[PDB]
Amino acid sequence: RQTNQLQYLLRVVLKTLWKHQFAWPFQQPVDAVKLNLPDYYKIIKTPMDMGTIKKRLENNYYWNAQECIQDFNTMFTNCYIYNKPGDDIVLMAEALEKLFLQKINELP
């Protein structure tokens, strides 16, 4: 059978990452005012999170699977930009990114 890559990203990849123990800080936009991070939007030009990716997948926002993959990568790299090598959130992001690349590699 054929695989619809955007449906794979929603039903397999996003669903797998969503259930991970480290997923919750990434399930919605970084609320920088509530988290007392007033420079967040100075450093992070294109915020991204899994709640936004889920909504874009559901609303047929993406042209193709690659545009969706680009948003997962922006979410991970924003974390690496704002924070420092070795910080807890970076460790959490690295673990989720490794799982994300595993799931993309598993595409049937």
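The term rigid core refers to the most C-alpha atoms you can superpose between the two forms while keeping them within 1.5 Å. Start at 1 and count along the sequence shown; that's the residue number.
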Once the rigid core is lined up, would you tell me whether 65 to 73 or 32 to 40 has the higher RMS CA deviation in 8 other deposited structures of this protein?
32 to 40
Compare the mean C-alpha B-factor of 79 to 87 with that of 54 to 62 as given in the PDB entry, and name the stretch with the higher value.
79 to 87
Identify the stretch, either 35 to 43 or 67 to 75, whose C-alpha atoms have the larger mean B-factor according to the entry.
35 to 43
Hey, what third does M92 fall into on Cα B-factor, ranked over its chain?
middle
